[PDB]
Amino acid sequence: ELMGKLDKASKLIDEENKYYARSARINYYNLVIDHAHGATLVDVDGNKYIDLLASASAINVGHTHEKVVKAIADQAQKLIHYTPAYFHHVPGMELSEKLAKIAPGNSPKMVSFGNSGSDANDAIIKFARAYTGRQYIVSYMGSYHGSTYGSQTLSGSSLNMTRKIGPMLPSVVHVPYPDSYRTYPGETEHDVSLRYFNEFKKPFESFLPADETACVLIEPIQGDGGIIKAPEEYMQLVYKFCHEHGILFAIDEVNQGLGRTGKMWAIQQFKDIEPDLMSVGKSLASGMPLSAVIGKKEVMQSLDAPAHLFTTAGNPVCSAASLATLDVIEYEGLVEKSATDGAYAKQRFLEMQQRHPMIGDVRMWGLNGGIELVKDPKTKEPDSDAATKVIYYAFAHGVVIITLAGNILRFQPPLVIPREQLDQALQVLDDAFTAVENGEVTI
């Protein structure tokens, strides 16, 4: 009877499925969105929903923000596109300057635009190789960096990102990302840091010369990996190791940047780290396609054209949408709001944890959380069946939420989400856990 409510959607999707490749979408629900605003979504059948996904953190300023809508409309009347690969336009020039300056740290930076976070990570590999003269790249297990052949190789969060499409880009080595939940009994944060740093070093102590490694790319908090934040001390060791060996230290801020964590950049959750290179995307232009690689000037001067460029990257309408997006973040104080509401949301989920033992771990840094569900607190066996039931319930009760790794609830609403609506959604999740416990949810 939920299917009675999704009649136009179901019929649209059945036809879409005949034309649109199945590898292009991770399927959860029959949700065909007609319009949206803020944290509210409306489907083609008229159902309304609170967005706790923000399109995978691409909608930090909320849907259809009036400043961004106007920026897009106004720019499109003047110039829809001229490629910055050849020429110049004012929105692109203002934005590239602004990005260089608001990027973390005070060393002089330069920028190159792309369309996607994926291509910004391809760029990280190019610039690191060119600047250093070295070929090897280190990235993490559990990472997500995108879907172009460079970024895809770096990634480690899906087997379907490797199957059937190899050989991948050569000279990439994956190391394990610090997991602070499934630890050895008794380990402190210090023990975890040292153990993962020990694993980090083992390739460098065997087959991988540190002196031929161009860069380490790391998510300061892993997004698709499950909302997992590296310990402070682990990050400082990696940082120092890179500096000591002449390896560039690169970050991926595509998911966790632009105020998601309650600082501007996820890397600001750590003390005094300035990356050599960083990728930005997702929220940058409120979901219009735009990305950037930002790096220390000298690194960004290591390539000649046309080593890294795209016809529609730095599109003027996208750039205008991004200038408006950044202004909203600043004017509406969304970095601070993320920190405030994240602290609140954490406390709420931790209280839910006391009553709902299926909740193994609550990870939250700003309005940005992973709620991990396990069958048992000692074995920490993932309970994906429970998580699916929770999200299916939420969906049927007007709350859009998805999972990471099968058993982790992904919590990334628009940073603008009104308290009232955040509380409504949180109550719906409480109800969902209760309902699942009483076996009342049927897939």
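Residue numbers here begin at 1 and follow the sequence given. Rigid core: the largest C-alpha set superposing within 1.5 Å between the two forms.
Where the structures in 5 other deposited structures of this protein are fitted on the rigid core, 76-84 is the one of 76-84 and 350-358 whose C-alphas sit farther from the shown form on average. Greater average departure of CA atoms from the shown form, over structures and residues in 5 other deposited structures of this protein after a core fit, characterises 158-166 among 113-121 and 158-166. In the comparison with other entries of the same protein, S338 is given coordinates in all of those covering both sides of it, so it never reaches the one-third threshold. Across the other compared structures of the same protein with both neighbouring residues present, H245 carries coordinates in every case, with no third of them leaving it out.
Looking at mean Cα B-factors across 334-342 and 209-217, the upper value is held by 334-342. When 116-124 is weighed against 72-80, 72-80 comes out higher, by mean CA B-factor as recorded in the entry. By the numbers in the PDB entry, the CA B factor is greatest at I359 among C242, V138, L194, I359. When all modelled residues of the chain are sorted by CA temperature factor, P275 is found within the middle third. The deposited CA B-factor of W365 belongs to the middle third of values across its chain. When the modelled residues of the chain are ordered by their C-alpha B factor, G226 lands in the middle third. Among all modelled residues in this chain, the alpha-carbon of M352 has a temperature factor (C-alpha) in the highest third. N106: CA B factor lies in the highest third for its chain, per the PDB record.
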